[PDB]
There are 2 protein chains.
Amino acid sequence: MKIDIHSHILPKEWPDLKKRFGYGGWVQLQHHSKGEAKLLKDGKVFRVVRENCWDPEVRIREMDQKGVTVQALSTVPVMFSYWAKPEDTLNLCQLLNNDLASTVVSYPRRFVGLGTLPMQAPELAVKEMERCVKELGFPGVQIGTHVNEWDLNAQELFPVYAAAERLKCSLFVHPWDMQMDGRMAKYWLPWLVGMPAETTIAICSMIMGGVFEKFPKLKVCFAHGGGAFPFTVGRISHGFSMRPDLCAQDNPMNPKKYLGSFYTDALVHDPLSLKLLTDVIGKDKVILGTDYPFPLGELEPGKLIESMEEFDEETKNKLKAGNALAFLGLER
Amino acid sequence: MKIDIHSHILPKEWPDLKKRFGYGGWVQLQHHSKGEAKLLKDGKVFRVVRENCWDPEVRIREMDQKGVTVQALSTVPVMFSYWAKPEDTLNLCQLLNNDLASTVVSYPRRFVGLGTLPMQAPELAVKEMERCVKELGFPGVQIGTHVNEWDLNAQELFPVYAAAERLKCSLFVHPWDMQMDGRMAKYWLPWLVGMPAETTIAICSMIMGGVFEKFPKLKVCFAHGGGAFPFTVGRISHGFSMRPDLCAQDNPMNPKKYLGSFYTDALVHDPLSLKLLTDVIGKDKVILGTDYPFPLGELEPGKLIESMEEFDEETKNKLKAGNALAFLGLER
Ligand SMILES: O=C(O)c1cccc(C(=O)O)n1
Ligand SMILES: O=C(O)c1cccc(C(=O)O)n1
Ligand SMILES: [Zn+2]
Ligand SMILES: [Zn+2]
């Protein structure tokens, strides 16, 4: 009921990305009937979205009703475009980052921005992060759980973290690009399961890959309660102890030690799950996050947190605000 | 401390399945240390296994040091062989179910068998089910979190469940056949992550399969605390509310209403994880299990459970032996 770290927005419209770059596979936004807009990935309507997804005044209005002071705006993860030619992805990012900056400058007390980067091109990414921080004044950027074949361990992605740490730029890691075919192609599994597992895979890839060790000041936040992690860190930190040959290759420390090193959002729905998340990550490293305006998100922002009979005043207002404030590097 | 529901065992030697069935790609055991072996996937070896893995007498001694009263024996998962020709798998299942009977006869109050079956052939596997219960005395069977493409919801499998529901034969569902290549070929992730995900997938498949609903009397138990399920059940439950088009076409009851319908083992390594599990799955429904004799298992059987400072010594008993008996329908 204060700060929302996990929300997604889209320009009302953008150019024919196919026309613009010369090849296909991009997404376009069709406004056909009123109130609704169809997202197209060449051919299929892959998701239908309402006005709140592109129109800030509509968002301020829903925010006002739900008591939410500020949303951190990031793009829809499908816009990452990590696959395309680096200079084309970078062109998109500058356009989505500019649109993001336009929305913030208009309600700077209601929004802050989390940019996207052309991650497949680490040098291009690091340039947009400078521009995003010095020019646009973004506190941080939102990034995928993996860049094609690279997981958040690849040393190639090291120029980006070194940048983020120097630029005091936060990192919100979002699962995306799950497997969508075959056995996941049913029961919404790509989303109920495939997603938390991408986040588990990334949290693992980072710790064991040494990143938190190499950049002890790189501030990270993972989506969806950290995925399965808070419950399976026990298994994970044990397999680590049992096979240093498979696991301790790049970073000797036990995963159990980076607990308290990173944040997650509190999007876990159940109160028993929230208790554990704070139990295991710290009442200081958990951040309210809604997946606004998507349905798989928390419909009543902060409700789960102000129901916790376990939590007192300073802890609820931490999970609801101060943690966000701390992670972004802003202040009341 | 009492009953261990999760232990794997192998014959000391088995024939040449390649020069016995017509094709390679099978598994076979090789010795080279008067008490050490290596398992071959037609060429190279992927697991090095001590003597405790095949010799019953060796297992009793260790059981005895550790306070372990009875072990439930099953075949190492990689032995399932769902990919082979139906017969060339049913054959191997008889060989292994028999070398399982054999061992329980040798120690009828220290062992019980959970037989394996030729799952990619519902009817064959239905009969081999009949055997194990009526002739071999098996109280259940171990099976994989999936079968080729078949997920535990496929209607091809419904005859197997009906049969199990008659024969009063419990199912221990065990992960396996995780992704090895691509992005998982590092940090052991296939075991640290793909395994816990494969279980989560099988529990979902079964709930939204309506398997539990068409078979109220099927006693099923999952490996490793149900994977991610206990933590992510909220997410799945809320997802099922929001998208009944993708989620509820096969069974309409929200997954949250099955909390209490299946067991899991207790292999979660952490007291915070164990405590969440009994709160989500239930005290009546969590069964101690060790994964003996594998390194990712609990080295000191029953220990986490006996530390659980928040369980009365009666509750610790349900977890050690109480729940295992009820599930297998066995006599204290
Ligand atoms: O674009 C997506 O796939 C996405 C991203 C964040 C949340 C959600 C959701 O949970 O609905 N979906
Ligand atoms: O045979 C397997 O693949 C297997 C089965 C259960 C546990 C383990 C393990 O986690 O060590 N490995
Ligand atoms: Zn999101
Ligand atoms: Zn096992």
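Because only heavy atoms are used, hydrogens play no part in the values below, and waters and symmetry mates are left out as well, while side chains stay in. Throughout, protein chains are lettered first and strands after them, A, B, ... in sequence-line order, and every chain is numbered starting at 1. Remember, it's 1-based here, ligands and their atoms both numbered in the order they're listed.
Closest heavy-atom contact between B:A266 and B:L274: CB-CD1, 4.0 Å. Contact detail for B:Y187 and A:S205: the closest heavy-atom pair is CE1-O, 3.9 Å. B:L100 and B:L73 get closest at one heavy-atom pair: CD2-O, 3.9 Å.
Here the two rings, on A:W176 and A:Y82, have centers that are under 6.0 Å apart.
For ligand 2, the atoms lying closer than 4.0 Å to a non-hydrogen atom of B:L296 are 10 (O), 11 (O). Below 4.0 Å from some heavy atom of B:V76 lie the following atoms of ligand 2, by number and element: 1 (O).
For atom 1 (O) of ligand 2, the closest heavy atom belonging to the protein is B:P77 CD, 2.9 Å. Regarding atom 7 (C) of ligand 2, its nearest protein heavy-atom neighbour is B:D291 OD2, 2.8 Å. Nearest protein heavy-atom contact of atom 10 (O) of ligand 2 is B:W191 CD1, 3.3 Å. In this structure, atom 5 (C) of ligand 2 lies nearest to the protein heavy atom B:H174 CE1, 3.1 Å. Closest to atom 11 (O) of ligand 2 among all protein heavy atoms lies B:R47 NH2, 2.5 Å.
A donor-acceptor pair under 3.5 Å links the side-chain atoms of A:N254 to the main chain of A:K256, judged by distance alone.
For the side chain to side chain donor-acceptor pair (under 3.5 Å) test with A:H6, the passing option among A:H174, A:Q142, A:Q71 is A:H174; the others fail.
A:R183 has no carboxylate O lying under 4.0 Å from a charged side-chain N of B:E149, or vice versa, which leaves the two without a salt bridge. Ion pairing between a basic and an acidic side chain is recognised when a charged N comes within 4.0 Å of a carboxylate O; B:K186 and A:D151 show such pairing.
For the Zn ion (ligand 4), the set of protein N/O/S atoms nearer than 2.8 Å consists of B:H6 NE2, B:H8 NE2, B:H174 NE2, B:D291 OD1, ordered by chain and number.
Under the 4.5 Å side-chain criterion, counting only non-hydrogen atoms from C-beta, B:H8 is not in contact with B:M79.
In this structure, A:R59 fails the cation-pi test against A:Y292, since its NZ or CZ atom is not both closer than 6.0 Å to the six-membered ring centre and inside 45 degrees of the ring normal.
For ligand 2, the polar-atom distance check against B:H8 finds no nitrogen or oxygen pair separated by under 3.5 Å. Here's the thing with B:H224: none of its N/O atoms is less than 3.5 angstrom from an N/O atom of ligand 2.
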